[PDB]
Amino acid sequence: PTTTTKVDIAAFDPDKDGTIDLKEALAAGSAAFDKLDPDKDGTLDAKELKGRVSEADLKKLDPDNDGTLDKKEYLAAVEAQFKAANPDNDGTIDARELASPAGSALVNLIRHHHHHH
Ligand SMILES: [Y+3]
Ligand SMILES: [Y+3]
Ligand SMILES: [Y+3]
């Protein structure tokens with residue numbers, strides 16, 4: 001199914017070599033701002049995150065007070081929430097540390113969602 005399954009940590013740790021190290025989290029952010037976006041700006045809003053997040057949560061995620069994220073910030077809010085999704089430790093995350101168990105935080109910056117099957 002491709003586009004619909006380019007969709008989690010499970011698109012950048014299908015390997016479970018051990019974890020996502022930051023290079024694979026970076027690859028999850030770049031994948032996610034692509035498949036999130038139907039107005040075609042990668043600048044990420046109350047109808048991009050349609051049913052994903054409240055318009056109040058939408059203005060949590062961003063740093064520079066747009067009220068919304070960017071192709072810069074679905075690539076940087078991910079990395080700012082990277083260490084925090086792990087309860088411990090330094091610079092690595094297994095799916096147990098991410099995929100809506102223990103890291104259900106950082107999910108909001110890399111899970112996106114699509115419009116289809
Ligand atoms: Y890996
Ligand atoms: Y948009
Ligand atoms: Y912004």
# chains A, B, ... in the order shown; residues from 1 in each chain; ligands from 1
>>> residues_near_ligand(ligand="ligand 3", cutoff="9 Å", atoms="only C-alpha atoms and all ligand atoms", output="MDAnalysis selection string")
chainID A and resid 43:44 61:73
>>> write_last_selection(atoms="N, CA, C and O atoms", output="mmCIF file, in the first residue's frame")
data_model
loop_
_atom_site.group_PDB
_atom_site.id
_atom_site.type_symbol
_atom_site.label_atom_id
_atom_site.label_comp_id
_atom_site.auth_asym_id
_atom_site.auth_seq_id
_atom_site.Cartn_x
_atom_site.Cartn_y
_atom_site.Cartn_z
ATOM 1 N N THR A 43 3.184 23.007 5.711
ATOM 2 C CA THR A 43 3.004 23.964 6.796
ATOM 3 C C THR A 43 1.610 23.740 7.384
ATOM 4 O O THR A 43 0.591 23.896 6.699
ATOM 5 N N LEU A 44 1.581 23.272 8.628
ATOM 6 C CA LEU A 44 0.768 22.126 9.036
ATOM 7 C C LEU A 44 -0.250 22.547 10.107
ATOM 8 O O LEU A 44 0.122 22.992 11.198
ATOM 9 N N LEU A 61 2.733 22.622 19.494
ATOM 10 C CA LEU A 61 3.817 21.920 18.811
ATOM 11 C C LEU A 61 4.918 22.885 18.334
ATOM 12 O O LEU A 61 6.102 22.628 18.542
ATOM 13 N N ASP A 62 4.519 23.995 17.713
ATOM 14 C CA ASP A 62 5.365 25.008 17.056
ATOM 15 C C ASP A 62 6.209 25.888 18.021
ATOM 16 O O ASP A 62 5.782 26.137 19.151
ATOM 17 N N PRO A 63 7.408 26.367 17.621
ATOM 18 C CA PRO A 63 8.236 27.259 18.442
ATOM 19 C C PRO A 63 8.033 28.763 18.215
ATOM 20 O O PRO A 63 8.077 29.517 19.185
ATOM 21 N N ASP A 64 7.856 29.229 16.975
ATOM 22 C CA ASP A 64 7.909 30.655 16.609
ATOM 23 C C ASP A 64 6.536 31.365 16.555
ATOM 24 O O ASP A 64 6.389 32.431 15.948
ATOM 25 N N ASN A 65 5.536 30.775 17.216
ATOM 26 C CA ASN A 65 4.163 31.254 17.383
ATOM 27 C C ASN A 65 3.411 31.521 16.073
ATOM 28 O O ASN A 65 2.716 32.531 15.947
ATOM 29 N N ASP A 66 3.510 30.624 15.091
ATOM 30 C CA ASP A 66 2.584 30.673 13.923
ATOM 31 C C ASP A 66 1.147 30.318 14.351
ATOM 32 O O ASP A 66 0.175 30.725 13.712
ATOM 33 N N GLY A 67 1.043 29.465 15.379
ATOM 34 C CA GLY A 67 -0.100 28.601 15.647
ATOM 35 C C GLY A 67 -0.009 27.215 14.977
ATOM 36 O O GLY A 67 -0.916 26.408 15.179
ATOM 37 N N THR A 68 1.052 26.952 14.191
ATOM 38 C CA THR A 68 1.234 25.815 13.262
ATOM 39 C C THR A 68 2.710 25.474 12.962
ATOM 40 O O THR A 68 3.628 26.286 13.120
ATOM 41 N N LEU A 69 2.940 24.238 12.507
ATOM 42 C CA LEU A 69 4.263 23.701 12.147
ATOM 43 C C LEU A 69 4.647 23.958 10.678
ATOM 44 O O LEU A 69 3.857 24.445 9.874
ATOM 45 N N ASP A 70 5.875 23.579 10.336
ATOM 46 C CA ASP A 70 6.555 23.772 9.049
ATOM 47 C C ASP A 70 7.272 22.481 8.581
ATOM 48 O O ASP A 70 7.551 21.606 9.405
ATOM 49 N N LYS A 71 7.724 22.401 7.313
ATOM 50 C CA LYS A 71 8.654 21.343 6.845
ATOM 51 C C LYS A 71 9.999 21.386 7.585
ATOM 52 O O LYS A 71 10.692 20.378 7.686
ATOM 53 N N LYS A 72 10.341 22.550 8.142
ATOM 54 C CA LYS A 72 11.401 22.729 9.146
ATOM 55 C C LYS A 72 11.074 22.106 10.502
ATOM 56 O O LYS A 72 11.963 21.565 11.143
ATOM 57 N N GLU A 73 9.824 22.185 10.953
ATOM 58 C CA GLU A 73 9.455 21.926 12.343
ATOM 59 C C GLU A 73 8.839 20.543 12.580
ATOM 60 O O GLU A 73 9.128 19.946 13.605
#
>>> residues_around(residues="residue 94 in chain A", least_positions_apart="6", cutoff="7 Å", atoms="only C-alpha atoms", output="MDAnalysis selection string")
chainID A and resid 18:20
>>> write_last_selection(atoms="N, CA and C atoms", output="PDB file, in the first residue's frame")
ATOM      1  N   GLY A  18      17.898  -2.380  16.618  1.00  0.00           N
ATOM      2  CA  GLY A  18      17.838  -2.155  18.052  1.00  0.00           C
ATOM      3  C   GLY A  18      16.838  -1.044  18.335  1.00  0.00           C
ATOM      4  N   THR A  19      16.987   0.075  17.627  1.00  0.00           N
ATOM      5  CA  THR A  19      16.177   1.290  17.784  1.00  0.00           C
ATOM      6  C   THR A  19      16.132   2.137  16.503  1.00  0.00           C
ATOM      7  N   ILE A  20      15.335   3.209  16.571  1.00  0.00           N
ATOM      8  CA  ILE A  20      15.624   4.521  15.994  1.00  0.00           C
ATOM      9  C   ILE A  20      16.702   5.226  16.821  1.00  0.00           C
TER      10      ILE A  20
END
>>> closest_atom_pairs(of="chain A", to="ligand 2", cutoff="7 Å", atoms="only C-alpha atoms and all ligand atoms", output="CSV")
residue,atom,partner,partner_atom_place_in_ligand_line,distance
A:37,CA,ligand 2,1 (Y),6.4
A:39,CA,ligand 2,1 (Y),5.1
A:40,CA,ligand 2,1 (Y),6.3
A:41,CA,ligand 2,1 (Y),5.1
A:42,CA,ligand 2,1 (Y),5.8
A:43,CA,ligand 2,1 (Y),4.5
A:44,CA,ligand 2,1 (Y),4.7
A:45,CA,ligand 2,1 (Y),5.4
A:48,CA,ligand 2,1 (Y),5.9
>>> write_last_selection(atoms="C-alpha atoms", output="mmCIF file, in the first residue's frame")
data_model
loop_
_atom_site.group_PDB
_atom_site.id
_atom_site.type_symbol
_atom_site.label_atom_id
_atom_site.label_comp_id
_atom_site.auth_asym_id
_atom_site.auth_seq_id
_atom_site.Cartn_x
_atom_site.Cartn_y
_atom_site.Cartn_z
ATOM 1 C CA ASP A 37 -0.270 17.409 3.507
ATOM 2 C CA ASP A 39 -3.027 21.823 0.622
ATOM 3 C CA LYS A 40 0.640 21.306 -0.611
ATOM 4 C CA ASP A 41 2.740 23.576 1.612
ATOM 5 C CA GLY A 42 4.103 21.192 4.338
ATOM 6 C CA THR A 43 3.004 23.964 6.796
ATOM 7 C CA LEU A 44 0.768 22.126 9.036
ATOM 8 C CA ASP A 45 -2.615 23.265 10.182
ATOM 9 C CA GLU A 48 -3.743 19.076 7.753
#
>>> select_by_dssp(residues="chain A", states="strand (DSSP E)", output="PyMOL selection string")
chain A and resi 20-21+92-93
>>> write_last_selection(atoms="N, CA and C atoms", output="mmCIF file, in the first residue's frame")
data_model
loop_
_atom_site.group_PDB
_atom_site.id
_atom_site.type_symbol
_atom_site.label_atom_id
_atom_site.label_comp_id
_atom_site.auth_asym_id
_atom_site.auth_seq_id
_atom_site.Cartn_x
_atom_site.Cartn_y
_atom_site.Cartn_z
ATOM 1 N N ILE A 20 15.335 3.209 16.571
ATOM 2 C CA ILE A 20 15.624 4.521 15.994
ATOM 3 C C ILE A 20 16.702 5.226 16.821
ATOM 4 N N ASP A 21 17.886 5.346 16.237
ATOM 5 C CA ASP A 21 18.802 6.464 16.424
ATOM 6 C C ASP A 21 18.303 7.685 15.624
ATOM 7 N N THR A 92 18.546 7.222 21.593
ATOM 8 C CA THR A 92 17.993 5.999 20.966
ATOM 9 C C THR A 92 16.571 5.679 21.457
ATOM 10 N N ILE A 93 15.720 5.103 20.598
ATOM 11 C CA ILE A 93 14.300 4.758 20.862
ATOM 12 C C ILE A 93 13.843 3.493 20.105
#
>>> closest_atom_pairs(of="chain A", to="ligand 1", cutoff="12 Å", atoms="only C-alpha atoms and all ligand atoms", output="tab-separated table")
residue	atom	partner	partner_atom_place_in_ligand_line	distance
A:9	CA	ligand 1	1 (Y)	9.2
A:10	CA	ligand 1	1 (Y)	9.5
A:11	CA	ligand 1	1 (Y)	9.8
A:12	CA	ligand 1	1 (Y)	6.4
A:13	CA	ligand 1	1 (Y)	4.5
A:14	CA	ligand 1	1 (Y)	7.3
A:15	CA	ligand 1	1 (Y)	5.4
A:16	CA	ligand 1	1 (Y)	5.2
A:17	CA	ligand 1	1 (Y)	5.0
A:18	CA	ligand 1	1 (Y)	6.0
A:19	CA	ligand 1	1 (Y)	4.7
A:20	CA	ligand 1	1 (Y)	4.7
A:21	CA	ligand 1	1 (Y)	6.7
A:22	CA	ligand 1	1 (Y)	9.5
A:23	CA	ligand 1	1 (Y)	8.9
A:24	CA	ligand 1	1 (Y)	6.6
A:25	CA	ligand 1	1 (Y)	9.4
A:26	CA	ligand 1	1 (Y)	11.9
A:27	CA	ligand 1	1 (Y)	10.8
A:28	CA	ligand 1	1 (Y)	11.3
A:92	CA	ligand 1	1 (Y)	9.4
A:93	CA	ligand 1	1 (Y)	9.0
A:94	CA	ligand 1	1 (Y)	8.3
A:95	CA	ligand 1	1 (Y)	9.9
>>> residues_around(residues="residue 100 in chain A", least_positions_apart="2", cutoff="12 Å", atoms="only C-alpha atoms", output="VMD selection string")
chain A and resid 8 to 10 85 94 to 98 102 to 108 110 to 111
>>> write_last_selection(atoms="C-alpha atoms", output="compact mmCIF listing (two decimals), in the first residue's frame")
# COMPACT_ATOMS: atom_id res chain seq x y z
CA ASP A 8 5.13 5.55 11.91
CA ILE A 9 8.36 4.66 13.64
CA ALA A 10 7.40 1.29 11.92
CA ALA A 85 9.90 10.04 24.49
CA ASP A 94 12.74 1.26 20.29
CA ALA A 95 9.02 1.07 19.18
CA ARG A 96 8.17 0.37 22.89
CA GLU A 97 9.70 3.84 23.56
CA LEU A 98 7.54 5.38 20.69
CA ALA A 102 5.76 4.93 26.22
CA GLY A 103 6.58 7.69 23.61
CA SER A 104 2.96 8.65 22.64
CA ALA A 105 4.29 12.25 22.99
CA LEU A 106 6.72 12.28 19.97
CA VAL A 107 4.03 10.43 17.92
CA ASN A 108 2.33 13.89 17.49
CA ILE A 110 6.00 11.98 13.30
CA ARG A 111 2.80 9.79 12.98
>>> closest_residue(among="A:99, A:84, A:76, A:49", to="residue 35 in chain A", atoms="only C-alpha atoms")
A:49
>>> atom_distance(atom1="CA of residue 74 in chain A", atom2="CA of residue 29 in chain A")
5.5 Å
>>> atom_distance(atom1="CA of residue 31 in chain A", atom2="CA of residue 59 in chain A")
21.5 Å
>>> select_by_dssp(residues="range 10-109 of chain A", states="helix (DSSP H, G or I)", output="PyMOL selection string")
chain A and resi 10-11+22-35+55-61+77-80+82-85+95-97+106-109
>>> residues_around(residues="residue 117 in chain A", least_positions_apart="3", cutoff="10 Å", atoms="only C-alpha atoms", output="VMD selection string")
chain A and resid 1 3 to 5 114
>>> atom_distance(atom1="CA of residue 112 in chain A", atom2="CA of residue 33 in chain A")
7.1 Å
